[PDB]
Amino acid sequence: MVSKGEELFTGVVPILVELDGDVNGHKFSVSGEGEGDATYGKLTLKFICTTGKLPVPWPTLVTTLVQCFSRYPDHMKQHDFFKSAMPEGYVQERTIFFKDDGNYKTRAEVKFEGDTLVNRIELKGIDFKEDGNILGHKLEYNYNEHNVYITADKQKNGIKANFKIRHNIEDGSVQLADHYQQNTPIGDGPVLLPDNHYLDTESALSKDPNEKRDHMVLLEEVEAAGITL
């Protein structure tokens, strides 16, 4: 295998996610747990809003709540920055602009803590409309397939990405969320800096019929593409 960190993903890896958020002064926390199987680009996670009611729609948090679990095809193994940064990990930072509404700013560290892949996130949201699609909870509980476009940032020993998320609104229209992303390694070790490619990302949201807390069950399937065999 072409990076040392890639070896850590040959099996099923436990995942922990911890998010602290503040959107227009509405504070919240989310904890998630599950597991990832990068060989197949799959993960399964269950998230709980540990502070009671989530003040924003669950779908708006999907992108924030571990791209090291993507399946890179055999011919693309030298382009997997995310696993190459492991176990020391990477900082992932985004600004997410909701069209005609507010924005989220996120900073996360994704790294191994023992045998567990941990995503710890700080999220701040500002300039939302209290009666808009986000704070007004007008988004459908579902999720579309998206391509995440990745480019190397040699200057920061890292990568950049940008993409637009389409969130279906309750009335059949769409709330757009423009994502700008930067990832930089935490460690000083060498990482893989990729040629341009994308991650074809599929997400399915559901509920645990036994769960009384505000929560989201998420299954994701992701494969890298855009570099010909």
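Numbering starts at 1 and runs along the sequence shown.
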Quiz item: As recorded in the PDB entry, how many deposited residues are without coordinates between residue 49 and residue 50: none, 1 to 3, 4 to 9, or 10 or more?
Solution: none
Self-check item: Between 159-167 and 186-194 (mean CA B-factor, as deposited), the higher
Solution: 186-194
Quiz item: Once you work out the mean C-alpha B-factor for both 171-179 and 33-41 from the entry, which is higher?
Solution: 33-41
Self-check item: Chain-relative CA temperature factor third for residue 153
Solution: highest
Self-check item: Third of chain Cα B-factors occupied by residue 21
Solution: lowest
Practice problem: Could you tell me which third, lowest, middle or highest, the C-alpha B-factor of residue 136 occupies within its chain? | Solution: middle
Self-check item: residue 130 by Cα B-factor - lowest, middle or highest third of the modelled chain
Solution: highest
Quiz prompt | Ranked against its chain, the third holding the CA B-factor of residue 78 | solution = middle
